[PDB]
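Chains, contacts and geometry: an overview
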Amino acid sequence: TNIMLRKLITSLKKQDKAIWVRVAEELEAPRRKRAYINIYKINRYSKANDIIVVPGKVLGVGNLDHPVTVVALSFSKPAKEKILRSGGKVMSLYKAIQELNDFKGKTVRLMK
Amino acid sequence: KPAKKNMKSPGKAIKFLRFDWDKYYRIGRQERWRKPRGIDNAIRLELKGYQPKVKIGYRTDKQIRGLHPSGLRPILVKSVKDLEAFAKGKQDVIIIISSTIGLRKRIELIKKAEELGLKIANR
Amino acid sequence: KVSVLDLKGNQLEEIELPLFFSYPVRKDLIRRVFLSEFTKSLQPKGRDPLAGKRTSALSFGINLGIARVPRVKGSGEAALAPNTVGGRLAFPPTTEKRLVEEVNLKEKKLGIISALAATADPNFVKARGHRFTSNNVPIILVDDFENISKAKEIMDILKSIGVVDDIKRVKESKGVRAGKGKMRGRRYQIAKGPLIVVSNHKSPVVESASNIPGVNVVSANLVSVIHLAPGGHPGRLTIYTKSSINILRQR
Amino acid sequence: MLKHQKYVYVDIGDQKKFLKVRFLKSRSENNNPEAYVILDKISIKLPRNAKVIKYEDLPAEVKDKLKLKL
Amino acid sequence: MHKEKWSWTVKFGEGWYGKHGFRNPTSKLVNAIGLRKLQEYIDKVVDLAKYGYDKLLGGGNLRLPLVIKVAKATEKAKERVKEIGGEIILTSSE
Amino acid sequence: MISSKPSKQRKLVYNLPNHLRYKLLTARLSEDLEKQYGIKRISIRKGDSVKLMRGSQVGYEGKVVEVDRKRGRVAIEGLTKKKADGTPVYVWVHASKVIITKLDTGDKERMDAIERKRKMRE
RNA sequence: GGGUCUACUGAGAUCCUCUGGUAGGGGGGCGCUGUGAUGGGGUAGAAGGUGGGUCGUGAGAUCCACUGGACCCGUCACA
RNA sequence: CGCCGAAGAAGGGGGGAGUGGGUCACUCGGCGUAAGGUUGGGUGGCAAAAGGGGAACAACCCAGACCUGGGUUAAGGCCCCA
RNA sequence: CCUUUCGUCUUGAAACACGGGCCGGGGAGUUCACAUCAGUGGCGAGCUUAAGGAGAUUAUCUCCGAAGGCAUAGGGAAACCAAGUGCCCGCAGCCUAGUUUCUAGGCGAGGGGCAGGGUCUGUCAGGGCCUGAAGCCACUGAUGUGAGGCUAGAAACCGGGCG
RNA sequence: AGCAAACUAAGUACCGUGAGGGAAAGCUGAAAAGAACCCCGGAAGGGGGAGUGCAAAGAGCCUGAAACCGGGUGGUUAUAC
RNA sequence: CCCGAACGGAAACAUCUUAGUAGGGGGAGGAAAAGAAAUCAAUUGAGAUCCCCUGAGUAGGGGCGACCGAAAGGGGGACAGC
RNA sequence: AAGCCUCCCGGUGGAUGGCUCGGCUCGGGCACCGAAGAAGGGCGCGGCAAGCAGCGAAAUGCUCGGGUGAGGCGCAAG
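Residues numbered from 1 in each chain as written, not as in the entry; some residues may be left out. Chains lettered and ligands numbered in written order. Part of a larger assembly, values for the part shown. Heavy atoms only, no water.

**A look at the overall build of chain D**
The helix and strand tally for chain D stands at one helix and five strands. Along the chain direction, N to C, the helices and strands of chain D fall in the order β-β-β-β-β-α. If one aligns the C-alpha atoms of chain D with their principal axes, the spans along those axes are about 30 × 30 × 20 Å. By the burial criterion, 30% of the 70 residues in chain D qualify as buried. Taking contacts inside chain D between residues at least 6 apart in sequence as the whole, the part at least 24 apart equals 41%. (Helix = DSSP H or I, 4+ residues; strand = E, 2+ residues; numbered from the N terminus. Buried < 20%, exposed > 50% of the residue type's maximum accessible area, 1.4 Å probe, protein only. Contact = heavy atoms within 4.5 Å.)

Following this line, the structure appears as structure tokens:
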């Protein structure tokens, strides 16, 4: 219902890389079942400097082993602080389009 | 342009008045249409020759759907300011000067159109 | 990045505003707030609970026939029925009905920023159609503004940075609004006008401008959507002062 | 609406067509042209409470713009 | 409703009729706390009395061996606390 | 603090108690009047004369001869509309569209009311 | 209904296909009265009524002559 | 074998219902001789199914009406009504 | 040229059933609260402030106020006990070379199946329940329940008065 | 509709032996300027003519729909729905 | 402050509930009532009463049927005690 | 000859539309009268006076101060 939220959907489907399009229907899914992630899970299924895309929101429960950079559309202000002190990086979907490493990175997995 | 009239004249529209408007005056002056939600009613049963129940299939063609009868596009005006936002130009639309605008405002208002080459019906 | 303006109309400083002003203009939440607080001021209306009920009316029973229908009549005349004359309403409104639309404090707060930021985009301010000759919007006045009492000098300031047009645009009070409200107090309708937010209240200018149509003075630590988005079309022209901004930046 | 006499209808040939314009009770003159603004509204029947004027009653200066429509 | 809605009894209404035992009115209140949650006070010697927790539940798994004195706990927690290096003080008071 | 509902307000002017009727009589003086009197507006009294600014008979000067205190309008001589019979009836013109031209200094009780309005000395 | 483009958030192009209808469910649209606004506007030449053109499948919209003699709509959102 | 299927999806969960008086035709029963009776099995309408024929017609046959127009056909019919 | 009269009740019954002189005006699924869902948004291991106070151009507004409630562990009556991991198939996406055009193979979130664990009970198998880390709040909406409860419709009974 | 109540009196007229029940009904324009005056009738804010006034829908007074009925316009009938 | 109802609900109804309300009688004032613990609760604590929000449909009652239904504590208001 | 239908015109009714010194809700103020005769009724009272309202045989208002300041003699023009 956010004008931005709809607007990006217009652009996410535009990009051809198979990962982005999958985001839309997870996004277009009902709000009440919208994607969401708690931290403790991602730390348990990741390697060093992994890039993972979160189709939803990230919740701050759990501890982090190794700095990893994540890409999502929504964060918990506490959760981010857990991320930075762990040495990772945050990255919005909207800002993530302009990266050719985002185009041609390696070791990316998608969770929820 | 030549394909403007060649469906309305043969596809003669139907007044679509209320079911059983003819018998009782308490309907005729209502002069509109309703969907009969009955059981023993007729047109809901689609019996022959009873000004058949309205349905979506009798549309007008989308190329002219809602075109002005002169072929242009009908868009209204209410004051002097609305004129400047005329779309594209005088070539595809016609203007209906307000049904309620005053003449002491009309006299200047009307002059603004023909100087811009617009077409005015309610002159 | 915005310029700074004086009591005369010459640019003399330049700062980038606190990161609030860049926020997305999230229309939807604004209305869901602009409505929410507006619910508060609905003094609960309600029809009288005992309207028309002051009767002993009754049906004449059945088999009378002369009593055509089980309509209820009082010893000769019919009343009390929902469908007929004068009796109590079908479902009369009462003050017991809910009025307010509650919003969480946080939910209200984060929304409020949007309108504040809405005052930044020159696109949105004209989207509400406010007319203004200032090249830069919004506009910041050096904080000596707070020291004017005489009302007339206010005008030249709105003349200085060139805002007189929206002053006149409000001056086109749309005669008389249609409907009964003309006899229920709301006899007119007026286009909203420029908004001034000042750092502290009780300054001389707080009350000094309540004559110019469309304008209001409201303290920064107080102002919300009910002043920035009159009508849920946020982008209404606004004015601020340097000292006020710092009072904002603290969130 | 005609009863205000803020309009005047024109008699031409007294035939079955009539012309109407807005008269100006001001301007104080019989030869004043500006008290008369020509329109283009030919009317089939003479209205009930209408006020009638004869074509020859018009100032000669204004006959020019009118006789052509006759 | 034995008569016609008695079907609701056998599927959705078990125990809808009659009583089932008594209750103890003096069952001591227990402030049970999860070890998993404990990696915070609340975001070195640590005791749950100041946080009012009585029995140290098994919870998840700790990260650092600390000083733990509480009222009570479970057995599995105790060895886990000893495993990491922490210890369990089963003091009956603060 | 007084209300602003239209209904109540109209009640006062349709129910004006007697000792407040000057309210719907006071009209604007002329500059020459205030020049030697130092006062803008004042209630009308008989024996005076006035000038008019609005209406089909704008620009008249007459004499204050008739008045309607309870509802608030006056009349002046030399200005009538003949009835069917031929007798004159007084044209009724409201103070709202008039300017006074002169007053009567023969009362000593209307005079002090003039004085108390902070007009300068005499 | 399902498989491409533009737009401070609805508008276009193309392809396939589907086309009786109560109980019932669901999608979308016009009208009435008030509130906020509203590039906005309209008014002694409104409103309304009568009759009649024109638009729209319709729901209705909208217009012209007259009558009237003082206040009334468009858009969005809300009740 | 054949058909539907990732354009349009086996299983699982969830919101909201109305529906518990049927009738008739054909066909195989029972009861009763019987019945446009009742009571069973299967199919079909109808109910909620227009359009053509049977003279008119809920159920008999043909045949499932997005609309306009053209053409060919079905059940039936082809002396006149027509 | 073709054409049983409206609505409803009704297997059909509508046409020998009912209610239907005409016109105009009025006139019937609303309110609250709870429960539960959907949609929508804010925040998130929290959520949430009520009641309430202070300041304010004064019922709008801003700040304050967790009071509390729900979730955050379940079992059993209790005494009490009290977990959150380990295997496998496998979607989207990714990587690999061929892209021969790709279930070719890995990685595999989610998910599914076997597990395991906590608990009471059974003397073991078992048996019941819980456990694979996300809810709360707000608006609108719908339905159930209780309140007159879509609208209208009874003989009834009772209290107190008046004949 | 709004409490029954906005009006010349509203719990008033009234229905009831009684406790009681319980009505209907707003708008002349700004100024009555209320049609002087002349003809008909006896009269009627009645007719006609004149006049006031922006306008008279001028007392029954804002605007003025239908059911209705009358005059007229346009078609149209006694071998037939 | 005394006296004291049926209607319905339980799909019947008699216990129960509807309910100390409808209503009767007495008596005041502008507010009334009440007001200084033979109070609580429970590790030796608080400190009149009243109302507001919670506690809480919890406790507890009843053909265990519809249903009824606290207190303590906490949070607010003014907090006066002779 | 009836008419029939439609329409123009007129009257018969007054919905629509408009206007409102009325009520309705809210909040906030204020919040006992009575044997010195209550509240509640019944009567009278003006030049020509019926109802209301006001008034009490001292009956459309009596006295005294205070304000007010040129008309007043209510609803309601003779």
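**Observations concerning the packing of aromatic side chains**
Tallied over the entire structure, the rule returns three aromatic pairs over all chains. Here the guanidinium or amino end of C:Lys126 rests over the ring plane of C:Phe132, the centre of that ring lying 3.6 Å away. Over the ring of E:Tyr51 we find E:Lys50, and its NZ or CZ is 3.4 Å from the ring centre. (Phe/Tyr/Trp six-rings, centres within 6.5 Å; stacked < 30°, edge-to-face > 60°. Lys NZ or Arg CZ within 6 Å of the ring centre and 35° of its normal.)

**Overview of the UniProt feature "domain: DUF5622" (unreviewed entry) in chain D**
Annotation from UniProt places "domain: DUF5622" (unreviewed entry) at residues 2-67 of chain D. In this annotation, residues 2-67 of chain D is assigned 12% helix and 26% strand; the end-to-end C-alpha distance for the span is 24 Å. (UniProt positions renumbered as here; feature names shortened; annotations may be inferred.)

**Some words on helix 4 (residues 152-160) of chain C**
Residue and element names in this part refer to chain C. When helix 4 is considered as a whole, its buried residues turn out to be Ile154, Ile157 and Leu158. The buried residues of helix 4 occupy an angular sector of 95° when projected down its axis, which confines them to one face. Residues of helix 4 that are exposed and point more than 90 degrees away from the buried face comprise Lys152 and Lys159. Against the buried residues of helix 4 lie strand 6 (139-141), helix 5 (164-171) and helix 6 (205-208). Once helix 4 ends, the next one or two residues include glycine 162, with phi positive near 75°. (Arc of directions from axis to C-beta.)

**Details of the sheet that holds strand 6 (residues 87-90) of chain E**
Residue and element names in this part refer to chain E. With respect to topology, three strands assemble into an open sheet ordered 2-4-6, the strand pairing being parallel. Two strands bound the open sheet, and with one partner strand each, they are strand 2 (45-47) and strand 6. On average, adjacent strands in this sheet sit at an angle of 25° to one another, irrespective of strand direction. Here strand 2 pairs with strand 4 (residues 67-70) via three bridges, running parallel. Looking at strand 4, one finds that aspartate 47 is bridged to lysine 69. Helix-sheet contacts for helix 2 (residues 75-84) involve strand 4 and strand 6, and the interaxial angle to strand 6 is about 135°. (Pairing = 2+ DSSP bridges. Axes fitted to C-alpha atoms, helices over the stretch in contact; angles between N-to-C directions.)

**A look at unusual backbone geometry**
Among all residues save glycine, negative phi is the norm, and among peptide bonds the norm is trans. Geometrically, the link from C:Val137 to C:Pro138 is a cis peptide bond, its omega value of 0° lying close to zero. Within the fold, C:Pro138 resides in the loop between helix 3 (122-127) and strand 6. In this structure, E:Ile42 follows E:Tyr41 across a cis peptide bond, with omega equal to -25°. Within the fold, E:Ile42 resides in the loop between strand 1 (32-33) and strand 2. The phi dihedral of D:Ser28 is positive, around 60°, even though this residue is not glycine. Mapped onto the elements of the fold, D:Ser28 is located in the loop between strand 2 (18-23) and strand 3 (36-37). You will see that F:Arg118, though not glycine, has its phi angle at about 65°, which is positive.

**Comments concerning the protein's contact with RNA strand K**
All names here are of chain E. Around RNA strand K, the structure places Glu4, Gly18, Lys19 and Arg23. Per the 4 Å cut-off to the protein, sugar and phosphate atoms form 71% of the nearby atoms of RNA strand K. In terms of residue class, the surface near RNA strand K is made up of no nonpolar, one polar and three charged. (Near = heavy atom within 4 Å. Nonpolar A, V, L, I, M, F, W, Y, C, P; charged D, E, K, R; others polar.)

**What about helix 2 (residues 105-118) of chain C?**
Residues and elements named next belong to chain C. Helix length check: helix 2, at 14 residues, gives a terminal C-alpha distance of 20 Å against a target of 20 Å (1.5 Å per residue), a fit within 8%. Inspection of helix 2 places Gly111, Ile112, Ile113, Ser114, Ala115, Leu116, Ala117 and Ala118 among the buried residues, and these make up the whole buried set. Where the residues of helix 2 are buried, they touch helix 1 (27-38), helix 3, helix 7 (225-228), strand 9 (238-241) and helix 8 (242-249). (Expected span 1.5 Å × (residues − 1).)

**Section: the environment of C:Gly181**
Residue and element names in this part refer to chain C. One can find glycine 181 in the loop between helix 5 and strand 7 (195-198). Sequence separation between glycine 181 and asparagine 200 is 19 residues; the distance between their C-alpha atoms is 36 Å. Among all residues touching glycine 181, those that are not within four sequence positions of it are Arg186 and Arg187.

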